[PDB]
4 protein chains.
Amino acid sequence: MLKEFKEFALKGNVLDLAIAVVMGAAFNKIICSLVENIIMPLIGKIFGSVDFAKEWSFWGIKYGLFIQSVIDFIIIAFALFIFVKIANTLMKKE
Amino acid sequence: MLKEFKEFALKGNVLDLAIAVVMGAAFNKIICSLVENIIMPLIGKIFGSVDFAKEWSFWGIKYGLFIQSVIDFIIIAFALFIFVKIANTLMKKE
Amino acid sequence: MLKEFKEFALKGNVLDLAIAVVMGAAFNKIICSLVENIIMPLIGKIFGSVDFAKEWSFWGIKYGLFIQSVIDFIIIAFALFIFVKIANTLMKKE
Amino acid sequence: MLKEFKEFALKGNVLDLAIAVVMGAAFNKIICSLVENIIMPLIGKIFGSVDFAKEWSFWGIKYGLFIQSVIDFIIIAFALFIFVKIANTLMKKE
């Protein structure tokens, strides 16, 4: 029940690690939820059209779709930006 | 077969790292399995209705769906809570 | 082109970090590929039947499906086990 | 509003951690986008055919599909390779 090799004691500071993977992932979603349902749309009805990458072919057929993922890598970073500042200040505790 | 640059020796303490990504992810699922099949439902037949976020439109159409992901970020954290305490004590070894 | 705040220099030892997320994830899949196409099946035609969790209902309807995810958390750990030992020794370099 | 146990102050250097999970994942996609839409195809119209793993059966029916995931683990590593070098030098700032 206590100290051998299969069971060290209680699941130690593996606690924060697990929390890392479990809450980081959870965080990941909120981040995107915002960008896919708010951000992307906004940028779409204002500053310009949404996307452009259904672009290629090349004596074979690669894709500019590559770029698209980057372009968003770019706007996906952004949402975090706007997230941190809007949240760092308006931190209400209920 | 031994020491150059492409092969250092044996796959060293990359061991725990791999285990991190492989078992953290695995953990992630159990966490959710609980929340999606037990927790969420419970909170649904008792303390109140499940969700509310199919809410928006805005001279364009963003979404409160944003919130939903957060609201769950909130309840997804919770399941971990109840998980740790119910498990930290009832730690049986078969 | 060099040292301000937006661009530090070259994408530094963020290199290993990126490699972590990019190759750990990649690893994650191989791990599972094995368990879903080899391991799980094996354990299914020999030591016994595959799974059991389509089990519940409870004056509401939660699920033992919860367990299933754990049971596999258990066998998903295993595949890593058998993976490391079978690979640590049979390390051929082509 | 300040220092108790539920709220430490402001969401501290959990900042980089979150950024890790949020941008590493984001990175992960671009990596693959390239390999699935450019790399894999290329290697397919030139150096040879794409894949081979729809291979097995074994007095039961396991799969070489196992290998496939590894083979790609191999080519998925590669794309990173070509990514870093093509990018480390052509680092333009707009």
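Each value in this text was obtained by applying a stated rule to the coordinates, not by laboratory testing. Ideal geometry is used to build each Cβ from the backbone, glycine not excepted, and the neighbour counts take in all protein chains shown.
Can you confirm whether residue C:3 is away from chain B (no Cβ under 11 Å) and either free of Cβ contacts under 8 Å to residues at least 12 places away in the same chain or among the aromatic types (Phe, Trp, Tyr) (or both)? The answer is yes for residue C:3. Taken residue by residue, region B:43-60 has no member that is within 30 Å of residue C:74 (Cα to Cα) and among the hydroxyl-bearing types (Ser, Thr, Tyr). Looking across region C:1-31 at every residue that is surrounded by 10 or more Cβ atoms within 10 Å (Cβ to Cβ) and basic (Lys, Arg), the one that is nearest to residue D:75 (Cα to Cα) is identified as C:29.
The residue of region B:2-53 that is farthest from the chain's Cα centre (by Cα), among those that are within 25 Å of residue C:54 (Cβ to Cβ) and of a type in the set (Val, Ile, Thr), is B:46. Candidates are the residues of region B:9-36 that are part of a helix (DSSP H, G or I) and over 22 Å from residue C:65 (Cα atoms); the one that is farthest from the other protein chains (Cβ to nearest Cβ) is B:16. Here residue B:83 meets each of (1) under 22 Å from residue C:55 (Cα atoms); (2) aromatic (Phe, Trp, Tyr); (3) in a loop (DSSP other than H, G, I, E, B) with one exception, condition (3). Within region A:37-88, the residues that satisfy the criterion of being polar (S, T, N, Q), more than 9 Å from chain D (Cβ to nearest Cβ) and surrounded by fewer than 16 Cβ atoms within 10 Å (Cβ to Cβ) are A:49, A:57. With respect to (1) touching a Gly at 6+ places or on another chain (Cβ under 7 Å); (2) closer than 30 Å to residue C:36 by Cα; (3) part of a helix (DSSP H, G or I), the lone exception for residue D:67 is condition (1).
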